[PDB]
Structure formats: C-alpha cells, structure tokens
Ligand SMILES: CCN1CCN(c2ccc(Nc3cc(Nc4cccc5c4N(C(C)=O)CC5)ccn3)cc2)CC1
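Starting off, we have a lone chain in the form deposited without this ligand, written out as structure tokens.
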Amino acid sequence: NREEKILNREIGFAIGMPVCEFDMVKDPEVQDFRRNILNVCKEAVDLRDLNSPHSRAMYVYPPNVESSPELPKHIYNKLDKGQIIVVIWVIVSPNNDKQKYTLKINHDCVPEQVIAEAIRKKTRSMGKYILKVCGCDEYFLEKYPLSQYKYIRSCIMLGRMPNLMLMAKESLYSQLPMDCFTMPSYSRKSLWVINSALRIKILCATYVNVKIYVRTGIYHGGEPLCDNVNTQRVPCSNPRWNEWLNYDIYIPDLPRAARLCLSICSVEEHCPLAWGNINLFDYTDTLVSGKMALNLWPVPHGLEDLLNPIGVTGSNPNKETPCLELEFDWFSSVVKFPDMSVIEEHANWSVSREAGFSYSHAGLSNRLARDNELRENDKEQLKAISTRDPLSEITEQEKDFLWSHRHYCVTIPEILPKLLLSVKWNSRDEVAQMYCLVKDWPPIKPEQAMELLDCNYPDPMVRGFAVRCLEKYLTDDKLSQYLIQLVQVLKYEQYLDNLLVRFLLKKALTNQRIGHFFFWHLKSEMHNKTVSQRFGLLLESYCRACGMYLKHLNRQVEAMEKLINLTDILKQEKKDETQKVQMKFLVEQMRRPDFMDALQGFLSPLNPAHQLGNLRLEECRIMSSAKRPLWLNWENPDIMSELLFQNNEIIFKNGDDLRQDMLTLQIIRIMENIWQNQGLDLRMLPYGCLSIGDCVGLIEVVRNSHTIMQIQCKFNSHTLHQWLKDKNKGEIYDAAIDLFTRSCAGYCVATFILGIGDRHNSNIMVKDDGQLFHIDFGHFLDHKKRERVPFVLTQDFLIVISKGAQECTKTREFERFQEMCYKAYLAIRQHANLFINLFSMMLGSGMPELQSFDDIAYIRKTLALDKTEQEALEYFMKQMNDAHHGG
C-alpha cells in the first residue's frame, strides 16, 4: 500500500534501520513475534478509544501524580492549616491579555473544584475547562487531590507558588489527532517419557583463525545442572571433533530454562577464545534436535572462567566469526516440554507420596518434609532467613531446610526468592512441586517481584508470577521510576515473545510518558548487535501503534542526528582550532537549511512536556570540557513561558558513556524520596540525564549554579561561607545555611554508600540559595579495587555549617549535621534490598564497573549489612573519622 510504505519509512527513520530488514529474517521466532505482538497493539488502541476524546487525552497527557494521596507530616506543616495558595490564569480576548486569580483552597481539592473557585473569583469581579501547568505541556485531566500532582507536591515542598492556566477542554481535544491504527500486511509430539541421559555432539568449527578444545556446560541461569564436559585437544589448523559428549543429567530432569553454555578454549595455560550459549528448548516448548550451527562471541575484557553462562544466548549476527557446528539427539518424534496439567498431576503424585513417608524414610534425606514437626524454632529460623539481603549466601543446610519447609514458606510470601534458590532445578520431582506453589503463591510487593526478573531467575513460571505482581501492584509512577531496570531485564528473557515484553509494551502504548522513555532506552542501545534485533522488533511494534507520537519522536530523532553529525565534525575536523573558530563553524553550519529546521520546533527528549521553539544561536556555547559539549538554548513557545522559563536550555554531549550517571542519578532520587517520606528533608539534585545512543546524550541545565572552584577564585577557607552569606543577606541567611548543611548531609551519605568517583572543587556545585550538589557520576562501587569516602568535608564546608565558627568540628551546628547523616545512613540501610536489586537488574547492561555480584557486594560493605544497626552506625562513624583525620 501507499500509506503502508510511507508509515514503514517513518518507522525505519525512528529505529534507525529499514523495516524491510525484518521482512528478510528467516527465523520463525522473529516472524511470529512480529505477528503475535500485534494483539498488544490492538488492546492498547481499544483502551485509548474507549472514552474518546478524554481517554485519548489521558494517553497523550497522563496525570503526573505521586503513588499516594496521603501527604507526609513535615510537608503538611508547610501549608496554611492544610491549605494552599494557588494562582489561576485566564487568557481573555485574542489580545492574549493575561488575568490572574489567587485562590486559598484545601490541599486535597479536586481540579473540578479548583476550576469552580477560579470562575467564582472571576465572576465576583463584576466543566468545559481543564487545568494546565503554566510554561509547559502538563495537564491535570483526572480527579486526583491537587496535592497528589507532583508539580503541586513540589511547589508545597519548595515554598513556591503554583501557576495553573484555565483552558477550554475543546482547545486541547482539537489538538489531539485521531490515530486510526492499521494492522500491517505481515499480520496475515513427545514429553517426560524420554528414558535417556543427555548427549550433545560437537561436530566442528569454522572461521577459527588463530591445540584447542570445546568446553560445554548445562546451565539454569548462571548455575550448573551437572558437571562441565570438555572435548579432545585437536589442533587449531584442523578444528574437527565429531565427538558426542555425555552429561550427568536425565533428559526428563532438564528444566524449561535449561541452556547449553559453550566456548572454544586454548590449552596448564587454559584460555577461552570465543563463547556462545543456546536454549535447549525453543519458543514453542520443543526440545532442539539434529544439526545446528552457532556463531560465537568475542571473550569480554576480564573473563576469567572458560564459560560465559550469564552471557547473551543466541548466534552472533556477524557471520565472519567462529562458527561451531553441533548436533543434538533425535528420538522417536519431536519432543515437547509437558503442559501444566501433566506437571500439576506429577506434583500432586509427589506431594501425596511424601505425605505417606515414615519417620525413617524421611530420615534418608534432609530435603524431606516432616508433617506436623514444624516447631517455633524452625518458624523463627525461616523468618530470620527471609529478612536477609538478596546477596547473602544461603548455605546448603539452609537450602535443604527451606525446601523441606516449602509449605510453611507460603505463609511468609517475601521468602519466595530464597526458596527458589534452594530448589534442585535439575530434579523434575522438585521443579513440578515448585510450579504448583508458584501458581498459588501470595502476591508480593513489585519491589520484591522485580528481583525475580534478574539473571538468578531464568524460569518462565517464576518470571510470569513476577510479571503478574507488576500488573496488579505497579503504579505508572513507579513503572516510570524503574523503567531502566525493566527494559534491561528483557535481555534476560529466553524468547522474543514473553509476558514481560507484553506488559511493558502495553504500558508504553497506554501512557505516552512511559512510551517516550521506553522508546529512548531501546533506541539508545540499537548500535549493540547483541540486542538490536530484540530491541528493533519491539521498537517496530511500538511505532506501529503509538499513534501521532511517532511523528513527534521523528522530529526528536532528526534533531539528535544533526547534533551527532555536527559534534562529529567538530571532534574530527576542528579539534585543534580555537573556540572562536569552532563557534564560527558551528553557527554557520546550524544556519544552513539542511540543519536550521531540524534543530528547532520539537519536544525535549529529556522531558517531552518541554517544547523547544526557535534555537537561540547567540545563547548557544561550546563548553570548555574535553568532549566539546554543546550548551544549547531555545525559546519556550508556551503562552505563559515567563512563569516557568522563557528559554529552555539543554547540554548535548557526544563522547562519554552516560549510563552509569543515569543509574546513580536514579538512585539519588530514590534515596531523597526515602528520606522525604521518613520525615528528614535533605534536598538532593538528581538532574536529568538521558543516553540517546552510543556514548551520546542529554544533560539537564541547572540554573544559578557554580562550582566550588568558581567561588574560591573570584585562598581562605571562609571564602565559600562569605559567598553564601553575601548571596543570602538578612533573614534569608539561615534558610541558606540550613539548605547547605541538609543537601551536604544527603551527598555525604549517598556518595559514601555508592562509592562515587573522588570529589573536588570542579565536581561539586552550589546554587545561589545554598543548595549543594554533585556532578559527574561516571564512577561507582568498588571501582578502586578498603572502602572509600569520596566526599571529604573540608574546612570550607564545615565553616558554612558552623555559621563561620573557627572550631567547626566542635559546634552545635555540626552535631545537628552528624545526626542528619546517621539518620540518612540508617534509612538507606533499611531499604538495602531495593538498592541491591536495582543494581542486580543492571548486571546484563555492559556497564564497566557493574560486571558481577562482587561489584554490588561493595554496598553490602558500605551499608554494614552482616552487622547490627548500632555496629553499622559505629562503622560509618569510623569511616568518617579516618577520612577527615578528625571527628
């Protein structure tokens, strides 16, 4: 069709690859994913056309609301007896004359009441409307209490006056095109009865351009199901074997997520050359048989073991790589994994069998359950085990213990991860019973459920339960917050079509705020040939059904492409020139017709609520930094821009990997949020940062900020205190000292916990109002490979806290500061599992300082998790005492 070819061109531009390349893939899993995923697209469209135009408007402008209507105690204390002053703006006559109406209303007033009160005040000056945030495209389209909107909750917590704009419903509705989605043209046995041991034949290898052998292993996630089996040491000039390998496992005992993990190794001096993993079952539940070829992957930097089970599963798309040929066993017919009915029957047969076991029969195994023998000691031991962090070692005795008491475990549902790690995944009698307990398992918090999606949990039944917990209890706010982790754990799915991908895609196509960041996280990794087919196909499905937003995403993609091209020219053809010569070249290139239009009139990828109007060339700069970052400035075309910011500014940087910074910034926001609900107000600055491609992204501009260096220059340790004292003269002096010490306490604790790169005067920034914050988070955890203190409070910082006192280490102000630090540290300690899990979910991402569970072990040290709460406080204090050489 003409409309189809036009749409296919648009999708190609968005993903950065032509749709016709997907058509060419002869792999029934790829073509089935394309067809089958389309029902998620249909479902999402139906939900968006349910209550038109309002439900279309709710998709485009979802309420940016907090997870709970309940406001914290210290926040309410900022309100005039639970009441808020809000300003409502009405544009009257086509002259664009702005009229304001100041209202004093209850914090929990619904937008409809707020509107009625604004029209009363407008009428006293003598339902067909919606409220909009002044200066940006944020709307209050739903019946939430006003204080539940993040914008209002923020204005309350910052002692800022909210500015809302009354707008006719039909003015917004008319600006929402009806997007009628079209279905693309591509939309149109045996079982457990295999009485045999596992044997896989390794035939030969091609493209082996260097004696050598092939190492093999049967894995369930990163765990061996039997002993590893090596081939003979044949010479590399003739890599042939035709040798069958025998495994210590019965074919009916292979779990659903079992994989063959292999590598070509070179011999006392063992070293892996190329590696590759294969699923023993395909996406149809079929056990793989006969001849098959696998293109291997390059050994990653710092890979000690001969195998890579935690590595990507599938053939390398690059076919000019070592290609191992192998052959799997063939039986009577095609073998399939048994269905739930067969599994449920087997578990019930096993359960009933065990229930009739004599005292002495149960005595034969420590894994054997003893009915009505569960004492309160056993019950307390189980509770103690369940409160341990996810990285705590579960001993073999504890594993036998947990499994024998799996029926009591149902009563403490948060023990599910520990109990799942205690199962003998190579025992079908155990796994069948694990399934039936998972099928009826009480639901757990989405934060506990997220862990079950990491690399330690490959089983589909387990991942399905976790997805079900996200579907019932994960709010759109929390989904937005953990989207990066959720997108990463997709790479851990055995197959293209799964329940996690279906849930994410449904939410992306049902909420444009989610859809926006979902698109960008996927797109940013499209250069990675390990994920580009998975992420490309998911992008294609998203682009066919997101509606009008594809056209807006294309404006964003083109703008970024131009900025990448421009900065690639400045770095490779203007690198040695002066800033003046580079600026002249830049302003002449951005003025060109092949650039001017592509760089203005689009939505900010950092926050699509921000419209980027005309580019203000005279305000744009090439920043002094090494990677020649662009400080870009555009006019905000909003009618009421003057109430937020008249010019939207962003930093574009081409050269640095921004992925560790996004993770740290995300963790800073989560820490601040925990502290804020806990009652202790330590203001943090998790500025926006979005990786849009390979070492390329955006950084949010922080207005009225200066490095510690800039201050100390325009010496003495009282310079910083005097600068702040001068910037905040009069009664406002104390509010600035309180904000400095509070933000300072937050960063001391956050940076100590996370092991961030060493702090200096050009790494630390201060706002005019006293808010201190850190920049450049490219280094974290055990990156110095014994625990560091990256943020050392010098005399300058302590002199500010102690209000200019000489003996700042011995003041009331410093004792108050220390208490903020201990309270902050103990609050994070209480939420350790969350942080541990956020980090564990990012292990598959190629982050250089997050490669294994030993890198995450660093926060187990900084949070003194094996210790008691008081010994942990004493530990933190010693770390602070040692670094500062004082106390």
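Numbering starts at 1 and runs along the sequence shown.
Omitted here: the form solved in complex with this ligand. The next part is about that form.
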- Please classify the binding site as open or blocked after superposing this ligand from its position in the deposited complex; blocked means at least 3 ligand atoms come within 2.4 Å of backbone or C-beta atoms of this form. blocked
- Query: Which one of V792, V299, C455, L644 is close to this ligand in the deposited complex, taking close to mean a heavy atom within 4.5 Å?
  - Reply: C455
- Task: Go through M461, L203, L391, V288 and name the one with a heavy atom inside 4.5 Å of this ligand in the deposited complex.
- Result: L391
- Message: Given the stretches 28-36, 57-65, 822-830, 843-851, which is the single one in contact with this ligand in the deposited complex, using a heavy atom cutoff of 4.5 Å?
- Response: 843-851
- Task: Determine whether any heavy atom of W425 comes within 4.5 Å of a heavy atom of this ligand in the deposited complex, and answer yes or no.
- Result: no
- Task: Find out whether any non-hydrogen atom of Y492 is located within 4.5 angstroms of this ligand in the deposited complex, and reply yes or no.
- Result: yes
- Message: in the deposited complex, does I310 come within 4.5 Å of this ligand, counting heavy atoms only?
- Response: yes
